[PDB]
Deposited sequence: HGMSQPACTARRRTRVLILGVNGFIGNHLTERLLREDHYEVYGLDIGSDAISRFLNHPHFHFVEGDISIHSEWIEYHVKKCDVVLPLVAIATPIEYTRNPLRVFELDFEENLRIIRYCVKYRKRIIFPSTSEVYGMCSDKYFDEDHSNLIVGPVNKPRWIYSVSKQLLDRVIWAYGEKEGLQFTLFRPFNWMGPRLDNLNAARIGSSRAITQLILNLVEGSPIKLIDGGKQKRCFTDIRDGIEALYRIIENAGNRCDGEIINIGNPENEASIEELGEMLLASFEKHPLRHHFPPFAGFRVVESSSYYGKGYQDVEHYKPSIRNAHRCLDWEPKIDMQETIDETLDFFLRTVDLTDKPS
């Protein structure tokens, strides 16, 4: 069966992607990380193999699994805004330099690489719907440090594209738009996956802190149920329709501003069985951004199905029931 190397498996995507692949009968999953607390349910599974490791520290050990496997999924990256501006150099070394090494192992051993790009690469693009193949990418002056993340991920994309063009690297790039659902990534985990904005809000509701509002700008959210299904089809690569493709993965109908998202969580929150176990709501303390999903349609015959309310209730519910009250 197909050997899937998941680098940074101890989190949101690794958990859902693993559960999925394992439901099928033709995948062998090699999940590499420094801890397994988040995928313990899979440790004793016959087709799962935890691999002790760290992409900043290990060189050889990782190169070896790239060669030993068929498809590689690099999920390790610092994807926390405050950090873009706080420890930018560390964000560049991990996100850019260390992943570049993995990309290179992939071209060297002729392996398929499914790389998580970012929805942030579009920047201040005026298109109502961001198009992987046509939208221009707009960022601010170099003196506006917040963009180092976006531009870094973008340069990587370009380098992957270059290897695909001049050296036969087989690949697929995916750009997830605010994925959410059960088993969210810890706010400070350097693993790509779950929307930090919504997990910060749930955190607010859980800790009794207020929801801070810049809350104007609107965003698209995607249920992990719909998102992981898409990712899974990219691994399937039916008819190889994904080779050389860049695919946005989001539900363009779930639009909502920070304040609207918050309002939605509050509602589901106030009606939740465990509501009494959480502090009273602290209150609210004072452009476009939609993805085009044509490529997803084309390459995957994919279309988001879960209704937004359903996603809101479930993500919150699972979170509340998982909270360690003691």
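Task: Regions left out of the model, expressed as runs of the deposited sequence counted from 1 - done: Unmodelled stretches, in sequence order: 1-12, 227-228, 301-314, 355-358.
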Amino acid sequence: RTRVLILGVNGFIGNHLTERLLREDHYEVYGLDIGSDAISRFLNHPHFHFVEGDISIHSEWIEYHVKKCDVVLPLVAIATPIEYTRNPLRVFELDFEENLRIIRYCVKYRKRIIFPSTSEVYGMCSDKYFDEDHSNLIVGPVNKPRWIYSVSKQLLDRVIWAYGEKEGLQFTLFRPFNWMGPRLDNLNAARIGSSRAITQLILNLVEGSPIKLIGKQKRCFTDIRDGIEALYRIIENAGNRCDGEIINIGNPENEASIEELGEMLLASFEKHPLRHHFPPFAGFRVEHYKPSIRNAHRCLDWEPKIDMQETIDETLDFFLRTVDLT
From here on, numbers count along this sequence of modelled residues.
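TODO: Please work out which of 252-260 and 190-198 has the higher mean CA B-factor as recorded in the PDB entry.
DONE: So the stretch with the higher mean C-alpha B-factor is 252-260.
TODO: Going by the average Cα B-factor in the PDB entry, point out whether 74-82 or 166-174 comes out higher.
DONE: Per the PDB entry, the higher value belongs to 74-82.
Open item on the list: Given 110, 158, 134, 219, identify the residue with the highest C-alpha B factor in the PDB entry.
Closed with: Answer, based on the entry's C-alpha B-factors: 219.
Task: Deposited CA B-factor, highest of 53, 31, 273, 291 - done: When the deposited C-alpha B-factors of 53, 31, 273, 291 are compared, 273 is largest.
- [ ] Within this chain's modelled residues, let me know which third the CA B factor of residue 15 belongs to: lowest, middle or highest.
- [x] It falls in the middle third of the chain.
Task: residue 103 CA temperature factor, ranked by third within the chain - done: It falls in the bottom third of the chain.
- [ ] Tell me, lowest, middle or highest third: where does the Cα B factor of residue 143 rank within its chain?
- [x] Its C-alpha B-factor belongs to the highest third of this chain's values.
Task: residue 203 by Cα B-factor - lowest, middle or highest third of the modelled chain - done: Tercile = middle for this residue's CA B-factor.
Task: Record-listed C-alpha B factor of residue 184: chain third - done: Middle third.
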